[PDB]
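Undergrad: This is work22.pdb (PDB, N, CA and C atoms).
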ATOM      1  N   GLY A  13      -6.565 -66.057  15.196  1.00  0.00           N
ATOM      2  CA  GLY A  13      -7.191 -66.181  16.533  1.00  0.00           C
ATOM      3  C   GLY A  13      -8.673 -66.493  16.452  1.00  0.00           C
ATOM      4  N   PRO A  14      -9.527 -65.458  16.440  1.00  0.00           N
ATOM      5  CA  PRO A  14     -10.990 -65.620  16.431  1.00  0.00           C
ATOM      6  C   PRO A  14     -11.539 -66.115  15.089  1.00  0.00           C
ATOM      7  N   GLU A  15     -12.790 -65.736  14.801  1.00  0.00           N
ATOM      8  CA  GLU A  15     -13.513 -66.143  13.590  1.00  0.00           C
ATOM      9  C   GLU A  15     -12.635 -66.110  12.345  1.00  0.00           C
ATOM     10  N   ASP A  16     -11.842 -65.059  12.214  1.00  0.00           N
ATOM     11  CA  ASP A  16     -11.061 -64.862  11.008  1.00  0.00           C
ATOM     12  C   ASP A  16      -9.908 -65.853  10.920  1.00  0.00           C
ATOM     13  N   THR A  17      -8.853 -65.595  11.699  1.00  0.00           N
ATOM     14  CA  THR A  17      -7.624 -66.393  11.707  1.00  0.00           C
ATOM     15  C   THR A  17      -7.136 -66.742  10.288  1.00  0.00           C
ATOM     16  N   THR A  18      -7.389 -65.841   9.345  1.00  0.00           N
ATOM     17  CA  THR A  18      -6.922 -65.981   7.972  1.00  0.00           C
ATOM     18  C   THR A  18      -6.914 -64.606   7.313  1.00  0.00           C
ATOM     19  N   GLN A  19      -6.088 -63.730   7.854  1.00  0.00           N
ATOM     20  CA  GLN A  19      -6.101 -62.329   7.482  1.00  0.00           C
ATOM     21  C   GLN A  19      -5.426 -62.088   6.140  1.00  0.00           C
ATOM     22  N   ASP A  20      -6.185 -62.337   5.086  1.00  0.00           N
ATOM     23  CA  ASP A  20      -5.747 -62.091   3.716  1.00  0.00           C
ATOM     24  C   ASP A  20      -6.914 -61.492   2.948  1.00  0.00           C
ATOM     25  N   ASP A  21      -6.995 -61.766   1.656  1.00  0.00           N
ATOM     26  CA  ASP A  21      -8.218 -61.492   0.910  1.00  0.00           C
ATOM     27  C   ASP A  21      -9.295 -62.449   1.411  1.00  0.00           C
ATOM     28  N   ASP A  22      -8.820 -63.553   1.981  1.00  0.00           N
ATOM     29  CA  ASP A  22      -9.663 -64.563   2.607  1.00  0.00           C
ATOM     30  C   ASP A  22     -10.319 -64.011   3.872  1.00  0.00           C
ATOM     31  N   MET A  23      -9.744 -62.931   4.427  1.00  0.00           N
ATOM     32  CA  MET A  23     -10.305 -62.248   5.608  1.00  0.00           C
ATOM     33  C   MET A  23     -11.774 -61.913   5.397  1.00  0.00           C
ATOM     34  N   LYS A  24     -12.189 -61.923   4.142  1.00  0.00           N
ATOM     35  CA  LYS A  24     -13.576 -61.731   3.795  1.00  0.00           C
ATOM     36  C   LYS A  24     -14.461 -62.737   4.536  1.00  0.00           C
ATOM     37  N   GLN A  25     -13.855 -63.847   4.948  1.00  0.00           N
ATOM     38  CA  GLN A  25     -14.528 -64.870   5.737  1.00  0.00           C
ATOM     39  C   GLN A  25     -15.005 -64.303   7.076  1.00  0.00           C
ATOM     40  N   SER A  26     -14.208 -63.433   7.681  1.00  0.00           N
ATOM     41  CA  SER A  26     -14.617 -62.778   8.911  1.00  0.00           C
ATOM     42  C   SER A  26     -15.737 -61.784   8.620  1.00  0.00           C
ATOM     43  N   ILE A  27     -15.700 -61.195   7.431  1.00  0.00           N
ATOM     44  CA  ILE A  27     -16.754 -60.287   6.997  1.00  0.00           C
ATOM     45  C   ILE A  27     -18.016 -61.077   6.670  1.00  0.00           C
ATOM     46  N   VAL A  28     -17.856 -62.378   6.537  1.00  0.00           N
ATOM     47  CA  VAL A  28     -18.981 -63.269   6.364  1.00  0.00           C
ATOM     48  C   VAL A  28     -19.793 -63.315   7.655  1.00  0.00           C
ATOM     49  N   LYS A  29     -19.114 -63.133   8.784  1.00  0.00           N
ATOM     50  CA  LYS A  29     -19.785 -63.038  10.061  1.00  0.00           C
ATOM     51  C   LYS A  29     -20.589 -61.740  10.140  1.00  0.00           C
ATOM     52  N   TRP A  30     -20.112 -60.712   9.439  1.00  0.00           N
ATOM     53  CA  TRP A  30     -20.827 -59.438   9.337  1.00  0.00           C
ATOM     54  C   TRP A  30     -22.214 -59.629   8.723  1.00  0.00           C
ATOM     55  N   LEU A  31     -22.368 -60.692   7.941  1.00  0.00           N
ATOM     56  CA  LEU A  31     -23.658 -61.039   7.361  1.00  0.00           C
ATOM     57  C   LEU A  31     -24.655 -61.374   8.468  1.00  0.00           C
ATOM     58  N   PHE A  32     -24.186 -62.093   9.482  1.00  0.00           N
ATOM     59  CA  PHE A  32     -25.033 -62.483  10.602  1.00  0.00           C
ATOM     60  C   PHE A  32     -25.180 -61.328  11.584  1.00  0.00           C
ATOM     61  N   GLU A  33     -24.541 -60.211  11.273  1.00  0.00           N
ATOM     62  CA  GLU A  33     -24.573 -59.060  12.153  1.00  0.00           C
ATOM     63  C   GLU A  33     -25.526 -57.995  11.625  1.00  0.00           C
ATOM     64  N   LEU A  34     -25.318 -57.552  10.389  1.00  0.00           N
ATOM     65  CA  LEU A  34     -26.127 -56.464   9.855  1.00  0.00           C
ATOM     66  C   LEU A  34     -27.074 -56.943   8.768  1.00  0.00           C
ATOM     67  N   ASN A  35     -26.617 -57.917   7.973  1.00  0.00           N
ATOM     68  CA  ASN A  35     -27.407 -58.526   6.889  1.00  0.00           C
ATOM     69  C   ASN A  35     -26.479 -59.124   5.846  1.00  0.00           C
ATOM     70  N   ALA A  36     -27.041 -59.907   4.940  1.00  0.00           N
ATOM     71  CA  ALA A  36     -26.256 -60.594   3.924  1.00  0.00           C
ATOM     72  C   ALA A  36     -25.627 -59.614   2.948  1.00  0.00           C
ATOM     73  N   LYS A  37     -26.263 -58.456   2.783  1.00  0.00           N
ATOM     74  CA  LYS A  37     -25.755 -57.427   1.880  1.00  0.00           C
ATOM     75  C   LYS A  37     -24.310 -57.077   2.204  1.00  0.00           C
ATOM     76  N   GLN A  38     -24.026 -56.739   3.461  1.00  0.00           N
ATOM     77  CA  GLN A  38     -22.680 -56.315   3.847  1.00  0.00           C
ATOM     78  C   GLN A  38     -21.654 -57.430   3.642  1.00  0.00           C
ATOM     79  N   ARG A  39     -22.121 -58.671   3.608  1.00  0.00           N
ATOM     80  CA  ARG A  39     -21.258 -59.778   3.224  1.00  0.00           C
ATOM     81  C   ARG A  39     -20.976 -59.739   1.726  1.00  0.00           C
ATOM     82  N   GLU A  40     -22.032 -59.719   0.932  1.00  0.00           N
ATOM     83  CA  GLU A  40     -21.894 -59.871  -0.512  1.00  0.00           C
ATOM     84  C   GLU A  40     -21.378 -58.610  -1.213  1.00  0.00           C
ATOM     85  N   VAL A  41     -21.804 -57.426  -0.774  1.00  0.00           N
ATOM     86  CA  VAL A  41     -21.450 -56.188  -1.462  1.00  0.00           C
ATOM     87  C   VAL A  41     -19.936 -55.990  -1.574  1.00  0.00           C
ATOM     88  N   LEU A  42     -19.199 -56.218  -0.484  1.00  0.00           N
ATOM     89  CA  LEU A  42     -17.746 -56.105  -0.530  1.00  0.00           C
ATOM     90  C   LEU A  42     -17.194 -57.139  -1.484  1.00  0.00           C
ATOM     91  N   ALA A  43     -17.588 -58.382  -1.247  1.00  0.00           N
ATOM     92  CA  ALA A  43     -17.047 -59.512  -1.975  1.00  0.00           C
ATOM     93  C   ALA A  43     -17.294 -59.367  -3.465  1.00  0.00           C
ATOM     94  N   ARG A  44     -18.415 -58.773  -3.821  1.00  0.00           N
ATOM     95  CA  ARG A  44     -18.794 -58.661  -5.212  1.00  0.00           C
ATOM     96  C   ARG A  44     -18.093 -57.487  -5.892  1.00  0.00           C
ATOM     97  N   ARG A  45     -17.808 -56.433  -5.146  1.00  0.00           N
ATOM     98  CA  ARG A  45     -17.089 -55.304  -5.714  1.00  0.00           C
ATOM     99  C   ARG A  45     -15.576 -55.498  -5.652  1.00  0.00           C
ATOM    100  N   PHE A  46     -15.109 -56.343  -4.743  1.00  0.00           N
ATOM    101  CA  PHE A  46     -13.676 -56.594  -4.631  1.00  0.00           C
ATOM    102  C   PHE A  46     -13.288 -57.915  -5.293  1.00  0.00           C
ATOM    103  N   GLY A  47     -14.239 -58.835  -5.375  1.00  0.00           N
ATOM    104  CA  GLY A  47     -13.973 -60.132  -5.966  1.00  0.00           C
ATOM    105  C   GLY A  47     -13.510 -61.139  -4.931  1.00  0.00           C
ATOM    106  N   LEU A  48     -14.039 -61.022  -3.722  1.00  0.00           N
ATOM    107  CA  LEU A  48     -13.592 -61.840  -2.597  1.00  0.00           C
ATOM    108  C   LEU A  48     -14.551 -62.992  -2.346  1.00  0.00           C
ATOM    109  N   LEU A  49     -14.065 -64.021  -1.656  1.00  0.00           N
ATOM    110  CA  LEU A  49     -14.893 -65.151  -1.233  1.00  0.00           C
ATOM    111  C   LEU A  49     -15.488 -65.871  -2.441  1.00  0.00           C
ATOM    112  N   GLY A  50     -14.725 -65.933  -3.520  1.00  0.00           N
ATOM    113  CA  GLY A  50     -15.186 -66.613  -4.709  1.00  0.00           C
ATOM    114  C   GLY A  50     -16.140 -65.771  -5.531  1.00  0.00           C
ATOM    115  N   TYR A  51     -16.380 -64.540  -5.094  1.00  0.00           N
ATOM    116  CA  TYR A  51     -17.215 -63.618  -5.850  1.00  0.00           C
ATOM    117  C   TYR A  51     -16.468 -63.080  -7.061  1.00  0.00           C
ATOM    118  N   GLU A  52     -17.193 -62.379  -7.912  1.00  0.00           N
ATOM    119  CA  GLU A  52     -16.616 -61.780  -9.105  1.00  0.00           C
ATOM    120  C   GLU A  52     -16.667 -60.260  -9.014  1.00  0.00           C
ATOM    121  N   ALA A  53     -15.507 -59.624  -9.124  1.00  0.00           N
ATOM    122  CA  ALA A  53     -15.423 -58.175  -9.041  1.00  0.00           C
ATOM    123  C   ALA A  53     -15.824 -57.542 -10.362  1.00  0.00           C
ATOM    124  N   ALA A  54     -16.872 -56.744 -10.327  1.00  0.00           N
ATOM    125  CA  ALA A  54     -17.438 -56.184 -11.546  1.00  0.00           C
ATOM    126  C   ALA A  54     -17.805 -54.719 -11.362  1.00  0.00           C
ATOM    127  N   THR A  55     -18.472 -54.125 -12.351  1.00  0.00           N
ATOM    128  CA  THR A  55     -18.851 -52.737 -12.266  1.00  0.00           C
ATOM    129  C   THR A  55     -20.061 -52.622 -11.370  1.00  0.00           C
ATOM    130  N   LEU A  56     -20.471 -51.414 -11.058  1.00  0.00           N
ATOM    131  CA  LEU A  56     -21.634 -51.222 -10.219  1.00  0.00           C
ATOM    132  C   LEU A  56     -22.869 -51.814 -10.889  1.00  0.00           C
ATOM    133  N   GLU A  57     -22.911 -51.693 -12.208  1.00  0.00           N
ATOM    134  CA  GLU A  57     -24.004 -52.240 -12.996  1.00  0.00           C
ATOM    135  C   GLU A  57     -24.006 -53.762 -12.956  1.00  0.00           C
ATOM    136  N   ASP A  58     -22.857 -54.357 -13.255  1.00  0.00           N
ATOM    137  CA  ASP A  58     -22.747 -55.810 -13.308  1.00  0.00           C
ATOM    138  C   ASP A  58     -23.056 -56.431 -11.954  1.00  0.00           C
ATOM    139  N   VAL A  59     -22.429 -55.905 -10.907  1.00  0.00           N
ATOM    140  CA  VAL A  59     -22.611 -56.441  -9.562  1.00  0.00           C
ATOM    141  C   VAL A  59     -24.049 -56.262  -9.089  1.00  0.00           C
ATOM    142  N   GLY A  60     -24.663 -55.147  -9.472  1.00  0.00           N
ATOM    143  CA  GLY A  60     -26.043 -54.900  -9.114  1.00  0.00           C
ATOM    144  C   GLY A  60     -26.961 -55.926  -9.730  1.00  0.00           C
ATOM    145  N   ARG A  61     -26.751 -56.186 -11.013  1.00  0.00           N
ATOM    146  CA  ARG A  61     -27.567 -57.144 -11.740  1.00  0.00           C
ATOM    147  C   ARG A  61     -27.406 -58.548 -11.167  1.00  0.00           C
ATOM    148  N   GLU A  62     -26.185 -58.880 -10.753  1.00  0.00           N
ATOM    149  CA  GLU A  62     -25.878 -60.206 -10.222  1.00  0.00           C
ATOM    150  C   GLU A  62     -26.724 -60.537  -8.995  1.00  0.00           C
ATOM    151  N   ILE A  63     -27.092 -59.520  -8.225  1.00  0.00           N
ATOM    152  CA  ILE A  63     -27.876 -59.747  -7.016  1.00  0.00           C
ATOM    153  C   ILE A  63     -29.321 -59.286  -7.197  1.00  0.00           C
ATOM    154  N   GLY A  64     -29.609 -58.690  -8.346  1.00  0.00           N
ATOM    155  CA  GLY A  64     -30.964 -58.272  -8.647  1.00  0.00           C
ATOM    156  C   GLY A  64     -31.305 -56.919  -8.057  1.00  0.00           C
ATOM    157  N   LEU A  65     -30.283 -56.131  -7.768  1.00  0.00           N
ATOM    158  CA  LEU A  65     -30.481 -54.819  -7.174  1.00  0.00           C
ATOM    159  C   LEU A  65     -29.890 -53.732  -8.052  1.00  0.00           C
ATOM    160  N   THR A  66     -29.992 -52.498  -7.592  1.00  0.00           N
ATOM    161  CA  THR A  66     -29.456 -51.374  -8.327  1.00  0.00           C
ATOM    162  C   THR A  66     -27.951 -51.252  -8.109  1.00  0.00           C
ATOM    163  N   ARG A  67     -27.279 -50.554  -9.010  1.00  0.00           N
ATOM    164  CA  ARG A  67     -25.843 -50.331  -8.913  1.00  0.00           C
ATOM    165  C   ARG A  67     -25.463 -49.702  -7.568  1.00  0.00           C
ATOM    166  N   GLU A  68     -26.305 -48.786  -7.099  1.00  0.00           N
ATOM    167  CA  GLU A  68     -26.112 -48.126  -5.813  1.00  0.00           C
ATOM    168  C   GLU A  68     -26.047 -49.132  -4.679  1.00  0.00           C
ATOM    169  N   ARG A  69     -26.944 -50.099  -4.715  1.00  0.00           N
ATOM    170  CA  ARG A  69     -27.096 -51.044  -3.622  1.00  0.00           C
ATOM    171  C   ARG A  69     -25.789 -51.760  -3.315  1.00  0.00           C
ATOM    172  N   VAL A  70     -25.131 -52.280  -4.332  1.00  0.00           N
ATOM    173  CA  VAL A  70     -23.875 -52.977  -4.112  1.00  0.00           C
ATOM    174  C   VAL A  70     -22.767 -52.005  -3.721  1.00  0.00           C
ATOM    175  N   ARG A  71     -22.638 -50.918  -4.469  1.00  0.00           N
ATOM    176  CA  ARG A  71     -21.591 -49.935  -4.207  1.00  0.00           C
ATOM    177  C   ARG A  71     -21.800 -49.219  -2.877  1.00  0.00           C
ATOM    178  N   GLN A  72     -22.926 -48.556  -2.739  1.00  0.00           N
ATOM    179  CA  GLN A  72     -23.127 -47.600  -1.664  1.00  0.00           C
ATOM    180  C   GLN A  72     -23.404 -48.271  -0.331  1.00  0.00           C
ATOM    181  N   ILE A  73     -24.135 -49.373  -0.351  1.00  0.00           N
ATOM    182  CA  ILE A  73     -24.312 -50.171   0.867  1.00  0.00           C
ATOM    183  C   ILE A  73     -22.954 -50.685   1.359  1.00  0.00           C
ATOM    184  N   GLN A  74     -22.102 -51.070   0.412  1.00  0.00           N
ATOM    185  CA  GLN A  74     -20.724 -51.435   0.713  1.00  0.00           C
ATOM    186  C   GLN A  74     -19.976 -50.241   1.300  1.00  0.00           C
ATOM    187  N   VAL A  75     -20.109 -49.097   0.640  1.00  0.00           N
ATOM    188  CA  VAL A  75     -19.410 -47.878   1.038  1.00  0.00           C
ATOM    189  C   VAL A  75     -19.762 -47.469   2.469  1.00  0.00           C
ATOM    190  N   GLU A  76     -21.051 -47.480   2.802  1.00  0.00           N
ATOM    191  CA  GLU A  76     -21.479 -47.134   4.152  1.00  0.00           C
ATOM    192  C   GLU A  76     -21.059 -48.225   5.128  1.00  0.00           C
ATOM    193  N   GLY A  77     -21.023 -49.455   4.632  1.00  0.00           N
ATOM    194  CA  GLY A  77     -20.636 -50.579   5.449  1.00  0.00           C
ATOM    195  C   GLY A  77     -19.191 -50.506   5.884  1.00  0.00           C
ATOM    196  N   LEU A  78     -18.341 -49.938   5.034  1.00  0.00           N
ATOM    197  CA  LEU A  78     -16.899 -49.868   5.293  1.00  0.00           C
ATOM    198  C   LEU A  78     -16.592 -49.229   6.647  1.00  0.00           C
ATOM    199  N   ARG A  79     -17.486 -48.372   7.096  1.00  0.00           N
ATOM    200  CA  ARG A  79     -17.311 -47.674   8.356  1.00  0.00           C
ATOM    201  C   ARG A  79     -17.625 -48.595   9.531  1.00  0.00           C
ATOM    202  N   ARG A  80     -18.792 -49.227   9.492  1.00  0.00           N
ATOM    203  CA  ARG A  80     -19.214 -50.119  10.566  1.00  0.00           C
ATOM    204  C   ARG A  80     -18.399 -51.405  10.562  1.00  0.00           C
ATOM    205  N   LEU A  81     -18.078 -51.891   9.365  1.00  0.00           N
ATOM    206  CA  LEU A  81     -17.341 -53.145   9.180  1.00  0.00           C
ATOM    207  C   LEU A  81     -16.058 -53.200  10.009  1.00  0.00           C
ATOM    208  N   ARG A  82     -15.466 -52.044  10.269  1.00  0.00           N
ATOM    209  CA  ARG A  82     -14.245 -51.977  11.060  1.00  0.00           C
ATOM    210  C   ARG A  82     -14.487 -52.470  12.484  1.00  0.00           C
ATOM    211  N   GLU A  83     -15.705 -52.275  12.982  1.00  0.00           N
ATOM    212  CA  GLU A  83     -16.037 -52.579  14.374  1.00  0.00           C
ATOM    213  C   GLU A  83     -15.807 -54.053  14.719  1.00  0.00           C
ATOM    214  N   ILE A  84     -16.355 -54.956  13.916  1.00  0.00           N
ATOM    215  CA  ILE A  84     -16.163 -56.383  14.131  1.00  0.00           C
ATOM    216  C   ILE A  84     -14.712 -56.813  13.902  1.00  0.00           C
ATOM    217  N   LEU A  85     -14.006 -56.106  13.035  1.00  0.00           N
ATOM    218  CA  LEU A  85     -12.640 -56.468  12.717  1.00  0.00           C
ATOM    219  C   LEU A  85     -11.674 -55.993  13.797  1.00  0.00           C
ATOM    220  N   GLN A  86     -11.801 -54.733  14.200  1.00  0.00           N
ATOM    221  CA  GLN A  86     -10.911 -54.149  15.203  1.00  0.00           C
ATOM    222  C   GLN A  86     -10.980 -54.914  16.521  1.00  0.00           C
ATOM    223  N   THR A  87     -12.131 -55.514  16.797  1.00  0.00           N
ATOM    224  CA  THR A  87     -12.320 -56.257  18.033  1.00  0.00           C
ATOM    225  C   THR A  87     -11.604 -57.609  17.960  1.00  0.00           C
ATOM    226  N   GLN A  88     -11.221 -57.997  16.752  1.00  0.00           N
ATOM    227  CA  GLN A  88     -10.552 -59.268  16.528  1.00  0.00           C
ATOM    228  C   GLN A  88      -9.113 -59.052  16.072  1.00  0.00           C
ATOM    229  N   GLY A  89      -8.702 -57.791  15.996  1.00  0.00           N
ATOM    230  CA  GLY A  89      -7.366 -57.473  15.524  1.00  0.00           C
ATOM    231  C   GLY A  89      -7.262 -57.549  14.011  1.00  0.00           C
ATOM    232  N   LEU A  90      -8.399 -57.399  13.349  1.00  0.00           N
ATOM    233  CA  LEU A  90      -8.477 -57.490  11.899  1.00  0.00           C
ATOM    234  C   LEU A  90      -8.677 -56.098  11.304  1.00  0.00           C
ATOM    235  N   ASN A  91      -8.334 -55.930  10.036  1.00  0.00           N
ATOM    236  CA  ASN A  91      -8.440 -54.630   9.386  1.00  0.00           C
ATOM    237  C   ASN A  91      -9.250 -54.716   8.096  1.00  0.00           C
ATOM    238  N   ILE A  92     -10.224 -53.821   7.964  1.00  0.00           N
ATOM    239  CA  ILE A  92     -11.100 -53.799   6.795  1.00  0.00           C
ATOM    240  C   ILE A  92     -10.321 -53.443   5.535  1.00  0.00           C
ATOM    241  N   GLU A  93      -9.235 -52.700   5.719  1.00  0.00           N
ATOM    242  CA  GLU A  93      -8.388 -52.271   4.612  1.00  0.00           C
ATOM    243  C   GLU A  93      -7.855 -53.458   3.817  1.00  0.00           C
ATOM    244  N   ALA A  94      -7.872 -54.634   4.431  1.00  0.00           N
ATOM    245  CA  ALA A  94      -7.321 -55.827   3.812  1.00  0.00           C
ATOM    246  C   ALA A  94      -8.264 -56.382   2.748  1.00  0.00           C
ATOM    247  N   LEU A  95      -9.515 -55.937   2.786  1.00  0.00           N
ATOM    248  CA  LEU A  95     -10.523 -56.381   1.835  1.00  0.00           C
ATOM    249  C   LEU A  95     -10.320 -55.730   0.478  1.00  0.00           C
ATOM    250  N   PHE A  96      -9.832 -54.500   0.493  1.00  0.00           N
ATOM    251  CA  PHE A  96      -9.566 -53.782  -0.742  1.00  0.00           C
ATOM    252  C   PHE A  96      -8.074 -53.717  -1.015  1.00  0.00           C
ATOM    253  N   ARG A  97      -7.298 -54.339  -0.144  1.00  0.00           N
ATOM    254  CA  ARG A  97      -5.855 -54.379  -0.300  1.00  0.00           C
ATOM    255  C   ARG A  97      -5.480 -55.466  -1.302  1.00  0.00           C
ATOM    256  N   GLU A  98      -5.617 -55.143  -2.575  1.00  0.00           N
ATOM    257  CA  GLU A  98      -5.305 -56.077  -3.641  1.00  0.00           C
ATOM    258  C   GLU A  98      -3.994 -55.683  -4.307  1.00  0.00           C
TER
END
Reformat the file's structure so that it appears as structure tokens.

TA:
Amino acid sequence: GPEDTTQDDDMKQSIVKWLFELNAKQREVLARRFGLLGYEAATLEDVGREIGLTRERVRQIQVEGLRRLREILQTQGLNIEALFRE
């Protein structure tokens, strides 16, 4: 239907809109820890280095994001659980 209309691991594309909502971090942090949107799923250390930030930044910003991230998805009939549903 809306922005997403591809509810898979590709649903990360709708989370790409989350970048224009809260910041680019919430876009990249999920994708980098899950390996979505052509990103590479790595450890907190590896993913942190990839963006030039601390391990916490990728992990924990993602972790806190998981709560808010539902808001944009639920309004579109999308589920955040699909991002980690591998």

Undergrad: Run DSSP on the backbone and give me the residues of chain A it puts in alpha helix (DSSP H), as an MDAnalysis selection string.

TA: chainID A and resid 24:29 36:46 56:63 67:86

Undergrad: With a cut-off of 6.5 Å, could you pull out the residues of segment 31-50 of chain A touching segment 73-90 of chain A and give me the nearest pair of atoms for each, distance in Å to one decimal, using all atoms listed in the file, ordered by chain and ascending number, as CSV?

TA:
residue,atom,partner,partner_atom,distance
A:38,CA,A:74,CA,6.1
A:41,C,A:74,CA,5.2
A:42,N,A:74,CA,5.2

Undergrad: Could you tell me how far atom CA of residue 13 of chain A sits from atom CA of residue 50 of chain A, in Å to one decimal place?

TA: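 Between atom CA of residue 50 of chain A and atom CA of residue 13 of chain A the gap is 22.7 Å.
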
Undergrad: From the options A:69, A:20, A:63, A:15, which residue's atoms come nearest to residue 51 of chain A, counting only C-alpha atoms?

TA: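 Ranking A:69, A:20, A:63, A:15 by distance to residue 51 of chain A, first place goes to A:63.
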
Undergrad: Around all of segment 51-55 of chain A's listed atoms, make the axis-aligned box with 8 Å on each side and tell me centre and edge lengths in Å to one decimal, as JSON.

TA:
{"center_x": -17.7, "center_y": -58.6, "center_z": -8.7, "size_x": 20.6, "size_y": 27.9, "size_z": 23.3}

Undergrad: Using all atoms listed in the file, which of the listed residues (A:58, A:21, A:49, A:32) sits closest to residue 96 of chain A?

TA: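 Looking at the shortest contact to residue 96 of chain A, the residue is A:21.
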